[PDB]
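Consider the single chain below, provided in structure tokens and representing the form deposited in one PDB entry.
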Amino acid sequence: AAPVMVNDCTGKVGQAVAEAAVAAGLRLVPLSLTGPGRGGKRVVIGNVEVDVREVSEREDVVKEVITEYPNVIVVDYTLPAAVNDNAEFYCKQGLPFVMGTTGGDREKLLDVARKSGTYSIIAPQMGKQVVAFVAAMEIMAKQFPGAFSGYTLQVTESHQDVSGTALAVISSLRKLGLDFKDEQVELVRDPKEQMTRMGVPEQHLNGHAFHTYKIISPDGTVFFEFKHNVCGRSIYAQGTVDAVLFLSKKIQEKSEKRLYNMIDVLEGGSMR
């Protein structure tokens, strides 16, 4: 598996990703780029000192990276403002990359990767196990129209503005014959209620994504319940490591397909 450069290793997700890469046995490139107004520094990720460099030095830094690590894959967890420029930079430099950063102009991001033939994974949702759940519910919904018609749907949700994941699952559930408007989602905002009702540990009130879907027969006798509860950043960190392993293999195979998403990574199976 290929060595990885994580920009930015000092950001919260980027740090978690670099940690998880090191703990999994990937080689972490000991260089990183940080954002405007952040200065250069040395940081420790596991047993590796990383020379964190200001983004204005990116041309030089990438040349230092490429000479010592030809087969590097870049992992990008920066900010929406950097997304398009970073992508154009990675594509202009021939660098394969895994883009976790959300926002920016998404059509422009995809088209620059596709038109340049740059090996890449672009996925604004890297929590792969949740992605799998969401996608399978949809395929099932399309296979069995009206299978749950007459049932009652209740959807209750905790995050920190309804979750795109919850809306996607609700859309599938309508194809199953459930009637449920988007406004009927109960957002739990009160931390007391986030702890008590949903079981979120005190630790993760500022960093969680808990969802419950209850589907009940009109006579009360049939009860379905689906939960996916995410605490913190580990699912995204682990998802990113899996994406790097997938992309590395596809570069190694000289694959004709260049731009992948998390669905592609899931379909490639487990690699650890």
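Note that the rigid core is defined as the largest set of C-alphas that superpose within 1.5 Å between two forms. Note that residue numbering follows the sequence shown and begins at 1.
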Count class of coordinate-free deposited residues lying between the neighbours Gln129 and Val130:
none
Quick note on 65 to 73 and 199 to 207: per-entry mean CA temperature factor is higher in 199 to 207
Of the two stretches 43 to 51 and 56 to 64, which shows the higher Cα B-factor on average in the entry?
56 to 64
Candidate residues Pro191, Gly150, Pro145, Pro124, the one whose C-alpha B factor the record puts highest
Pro191
Of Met140, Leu79, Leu178, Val162, which one's C-alpha B factor is largest in the deposited record?
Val162
According to the PDB entry, is the CA B factor of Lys249 in the bottom, middle or top third of its chain, that is, lowest, middle or highest?
middle
Relative to the other modelled residues of the same chain, rank the CA B-factor of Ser255 and answer lowest, middle or highest third.
highest
Third assignment of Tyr90 from its chain's C-alpha B-factors
highest
Lowest, middle or highest third: where is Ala1 by C-alpha B factor in its chain?
highest
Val112 - Cα temperature factor, lowest/middle/highest third of chain:
highest
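Although it is not shown, the form deposited in another entry is what the next lines describe.
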Among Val155, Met99, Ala113, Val131, the C-alpha that moves by 2 angstroms or more between this form and the one not shown, rigid core fixed, is that of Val155
